[PDB]
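Input: a single structure, listed below in structure tokens.
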Amino acid sequence: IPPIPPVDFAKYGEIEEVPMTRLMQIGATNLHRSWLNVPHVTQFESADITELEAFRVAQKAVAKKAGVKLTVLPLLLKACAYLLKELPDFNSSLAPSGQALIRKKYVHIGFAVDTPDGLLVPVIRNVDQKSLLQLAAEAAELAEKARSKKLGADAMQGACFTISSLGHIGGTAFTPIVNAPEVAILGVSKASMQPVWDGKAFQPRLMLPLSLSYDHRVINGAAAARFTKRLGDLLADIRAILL
Amino acid sequence: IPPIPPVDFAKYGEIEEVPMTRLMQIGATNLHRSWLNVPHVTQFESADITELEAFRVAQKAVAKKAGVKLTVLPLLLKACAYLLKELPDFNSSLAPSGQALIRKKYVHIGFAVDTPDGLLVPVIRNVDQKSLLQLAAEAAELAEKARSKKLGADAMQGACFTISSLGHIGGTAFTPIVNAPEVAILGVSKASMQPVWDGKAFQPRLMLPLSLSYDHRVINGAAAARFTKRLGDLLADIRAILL
Amino acid sequence: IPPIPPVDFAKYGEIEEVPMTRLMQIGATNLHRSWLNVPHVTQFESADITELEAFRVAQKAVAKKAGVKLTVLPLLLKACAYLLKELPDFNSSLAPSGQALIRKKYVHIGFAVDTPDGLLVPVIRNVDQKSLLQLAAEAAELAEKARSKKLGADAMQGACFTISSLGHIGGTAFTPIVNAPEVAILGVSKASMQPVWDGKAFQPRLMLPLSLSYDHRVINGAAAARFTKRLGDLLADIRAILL
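Protein chains in written order, with the entry's author numbering: chain A, 395 to 637; chain A', 395 to 637; chain A'', 395 to 637. A prime marks a further copy of an entry chain.
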């Protein structure tokens with residue numbers, strides 16, 4: 395792969411060399427290994443979370459009595475675990491012989507935490523088996539452990555899918571990079587009030603933007619549009635997870 | 395190109411190996427060969443098809459009397475063939491000497507059909523010369539042939555451009571991968587009612603989302619925005635194809 | 395990197411070979427070198443420029459008295475220079491030892507001009523130090539020099555960031571390719587009137603679509619969402635540049 399010509403950057407003005415933490419360099423290498431290895435496609439969709447938000451906000455009492463803050467993330471984690479069980483090609487990996495996929499029978503999901511030294515993706519194990527407030531607490535713990543360099547590498551391992559949420563900073567949608575050997579990563583952005591046709595007039599609904607990137611070798615376009623559609627359906631009525 | 399480290403996936407839970415059809419493996423290889431070879435950009439645009447939909451729906455009688463179902467696809471095929479004639483760099487390919495483009499003087503277009511064994515892209519030849527109901531029928535035939543493994547490889551050959559339509563499952567936009575040695579692929583998603591400024595108030599218009607990925611080596615950014623703009627214009631009034 | 399199988403294209407119809415200008419071939423090579431080398435992500439955002447447009451239009455008198463046309467580009471250039479100073483990782487480059495970043499202490503920005511022979515990206519030096527009408531004039535000069543093959547290669551050098559504006563042709567958003575060894579490129583598309591929730595009803599605001607692609611090795615997802623958010627904030631009130 396042809397390298398970039400070196401440029402003498404100080405010919406154009408003052409420069410200064412800051413160095414990279416080992417975590418950024420590790421990060422850097424893994425992403426470039428994902429990028430050259432995975433033919434990426436991104437599927438955009440946005441979900442109606444007007445009702446999910448109201449749920450979230452009404453349960454602020456309960457959540458505080460349990461010491462967890464309830465955010466959208468445990469609600470995202472729960473719906474994607476249901477779905478990763480319904481559509482198992484998403485919960486799997488290409489075997490190194492290129493000719494089989496390892497379907498994992500377990501659901502562990504990581505999520506991106508951006509710390510000072512770099513990106514960490516702590517994994518929550520068997521997300522399918524935990525409740526909203528369990529997930530809430532654990533997510534929170536692992537994030538502080540991650541910020542405070544106290545996350546032992548055991549916890550960065552063997553995830554089946556990654557969620558990257560930037561809803562807290564902003565943006566309309568992005569195209570995340572798959573953490574190979576996983577096969578898909580959900581990027582989530584800022585929710586906004588949007589007019590939505592109700593058959594007669596435009597209603598304001600709160601809409602969460604979602605960006606699913608996938609490994610096109612394993613997941614085709616119709617499988618991915620069916621996954622973000624189902625996910626949009628589950629987030630608009632989380633009670634469907636009950637049945 | 396550095397390979398992905400092998401992970402022992404059964405350390406984290408129960409796994410199961412399902413194998414890949416030869417069609418998926420073929421599929422897989424061709425996409426990775428496209429991905430490493432084509433510097434991709436995706437241009438998003440959305441077109442006003444309120445009038446095209448009404449046309450489509452009013453001609454349901456005619457279409458049934460001819461045995462074809464009229465969908466948006468023959469209407470997409472016709473407009474892109476007009477346009478592939480107007481903007482010939484889109485209907486062409488990079489010569490293997492990297493220093494010339496083969497402009498094709500013919501317009502054959504394929505479209506993605508996702509079958510059980512994998513993705514097939516049957517080609518309709520000389521789309522420029524067929525009418526809406528001819529195109530309607532043929533598309534339909536090739537798709538059933540494709541589902542039923544009866545599509546002879548002659549029909550997967552020598553296309554100039556690909557349309558991938560996921561409007562039937564959902565999604566807001568995606569970033570398709572170019573089927574090299576073609577130079578562009580139109581991805582089409584779900585149409586929705588959207589408010590559109592009429593200079594004075596917001597009108598509800600039915601808007602089709604379009605995602606053109608292209609080979610940035612051959613097509614520059616301004617050529618691609620001019621192609622989806624023209625396409626948006628042609629779909630809002632298909633009568634412009636007449637003149 | 396596996397090559398594309400050669401196809402005999404004249405088996406399917408009449409072909410014609412047109413050749414590539416040296417500028418397209420140069421262009422072609424640089425993009426493929428960027429693509430294989432940079433793990434790309436694109437961050438979408440859109441900014442409220444209703445007030446910026448009114449400013450622009452009210453100062454048409456002044457601009458004409460100075461001989462410059464005031465467009466959105468000098469306003470984009472100014473806000474990104476402020477911001478490139480606030481978020482210096484965006485104004486920097488990966489050292490060839492892969493383990494340090496060269497932070498540039500200067501702000502020179504290029505912008506894409508698509509000419510007949512190919513894409514040129516003239517650079518305006520020390521954009522941070524020039525005013526709106528200086529920037530206006532210079533941009534304009536360099537563009538005509540670029541169209542007329544009179545741009546000496548000195549002017550295509552040592553830029554820290556690229557803006558590619560296609561707002562003049564159309565489109566909703568695109569995913570530009572980073573001009574390595576730069577680390578980010580802002581793509582800008584067509585502004586449209588959009589309903590925006592004001593807490594009580596939907597107001598029509600003029601919204602500029604922005605698409606920031608970045609080198610994920612150097613910039614993480616949260617840094618990029620913070621850059622397009624800040625940029626959206628600066629374009630909605632350019633007076634913040636004053637303080």
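Backbone N, C-alpha and C fix where the C-beta goes; we use that ideal spot for every residue, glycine too.
Cβ shell of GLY561(A) (< 6 Å), same chain only, five flanking positions each side left out: These residues qualify, in order along the chain: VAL582, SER583 and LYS584.
Outcome for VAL412(A') when other beta-carbon atoms lying within 10 angstroms are tallied against a minimum of 16: exposed
Residues of chain A' with CB closer than 7 Å to the CB of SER558(A''), please, in chain order. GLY615
What does a CB cutoff of less than 6 Å around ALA530(A) pick up in its chain, not counting 5 residues either side in sequence? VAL462, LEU464 and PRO468
Assuming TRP591(A) contacts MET587(A') (C-beta within less than 8 Å), just tell me the rounded distance between them. 4 Å
Burial state of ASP548(A), where buried means 16 or more other Cβ atoms lie within 10 Å: Burial call: exposed.
Interface residues of chain A facing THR465(A') [CB-CB closer than 8 Å]: What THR465(A') touches in chain A: nothing, since even the nearest Cβ is about 16 Å away.
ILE518(A) CB to nearest chain A' CB: under 8 Å? no
Is it the case that the Cβ atoms of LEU629(A') and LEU471(A') are separated by a distance below 8 Å? Cβ atoms of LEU629(A') and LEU471(A'): not closer than 8 Å.
Residue range of the alpha helix (DSSP H) that includes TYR476(A): 466–480
Beta strand (DSSP E) segments (min. 3 residues) lying fully within the segment 572–634 of chain A: 578–582, 586–591 and 596–609
So, at 6 Å on beta carbons, what are the nonlocal neighbours of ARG519(A'') in its own chain, with the 5 sequence-adjacent residues on each side left out? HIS502
Quick check: is the beta carbon of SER428(A) nearer than 8 Å to any beta carbon in chain A''? yes
Output the distance between the C-alpha atoms of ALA460(A) and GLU532(A), rounded to the nearest integer angstrom. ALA460(A) and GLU532(A): Cα-Cα distance of roughly 12 Å.
Just checking: is the beta-carbon of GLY512(A') within a distance shorter than 8 Å of some beta-carbon in chain A''? no
Cβ-based neighbour list, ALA567(A'), same chain, cut-off 6 Å, excluding 5 preceding and 5 following: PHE438, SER583, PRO603 and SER605
Taking only beta-carbon atoms, is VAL412(A'') less than 8 Å away from chain A'? yes
Contact between the segment 511–525 of chain A and the segment 613–633 of chain A is defined here as three or more beta-carbon pairs at a separation below 8 Å; is this criterion met? no
Note down, in chain order, every chain A'' residue with its Cβ under 7 Å from the Cβ of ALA619(A'). Result: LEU560, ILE563, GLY564 and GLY565.
Taking Cβ positions only, does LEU470(A) come closer than 8 Å to chain A''? no
Taking the straight line between their C-alpha atoms, what separation do you get for residue 646(A') and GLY492(A)? One cannot answer for residue 646(A') here, as it falls past the ends of chain A', which runs 395 to 637.
Please tell me whether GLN597(A'') has its Cβ less than 8 Å away from any Cβ of chain A. Not one chain A Cβ lies under 8 Å of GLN597(A'').
Within 10 angstroms of the Cβ of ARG620(A''), are there 16 or more other Cβ atoms? Answer buried if so, exposed if not. buried
Length of the line joining the Cα atoms of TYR608(A') and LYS543(A): 43 Å
Identity of the residue in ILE613(A''), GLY615(A'') and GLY552(A'') nearest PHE403(A) by Cα: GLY552(A'')
Expressed to the nearest angstrom, what Euclidean distance is found between the alpha-carbon atoms of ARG427(A'') and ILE398(A)? 7 Å
Is the separation between the beta-carbon of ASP442(A) and that of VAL612(A) shorter than 8 Å? In this structure, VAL612(A) does not lie closer than 8 Å to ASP442(A) by Cβ.
How about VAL451(A''): is its C-beta nearer than 8 Å to some C-beta of chain A'? no
Excluding the five sequence neighbours on either side, which residues of its own chain have a C-beta within less than 8 Å of the C-beta of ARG450(A), listed in chain order? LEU464, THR465, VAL466 and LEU469
Quick one: what's got a C-beta closer than 7 Å to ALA489(A')'s C-beta in the same chain, skipping five residues either side? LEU495 and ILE496
For the candidate residues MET550(A'), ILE635(A'), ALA578(A') and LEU417(A'), whose alpha-carbon lies nearest to that of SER486(A')? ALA578(A')
Could you check what DSSP says for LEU417(A) in three-state terms: helix, strand or coil? helix
Pick helix, strand or coil for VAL456(A'), following the three-state DSSP scheme. helix
Closer than 8 Å, Cβ to Cβ, to anything on chain A'': give me those residues from the segment 568–599 of chain A', in chain order. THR569, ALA574, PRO575, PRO589, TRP591 and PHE596
Where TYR406(A) and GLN528(A'') are concerned, what is the direct C-alpha to C-alpha distance, given to the nearest angstrom? Going from the Cα of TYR406(A) to the Cα of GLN528(A'') covers about 20 Å.
Give the single residue among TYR476(A''), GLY615(A''), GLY564(A'') and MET550(A'') whose Cα lies nearest to the Cα of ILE635(A''). Here the closest residue by C-alpha is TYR476(A'').
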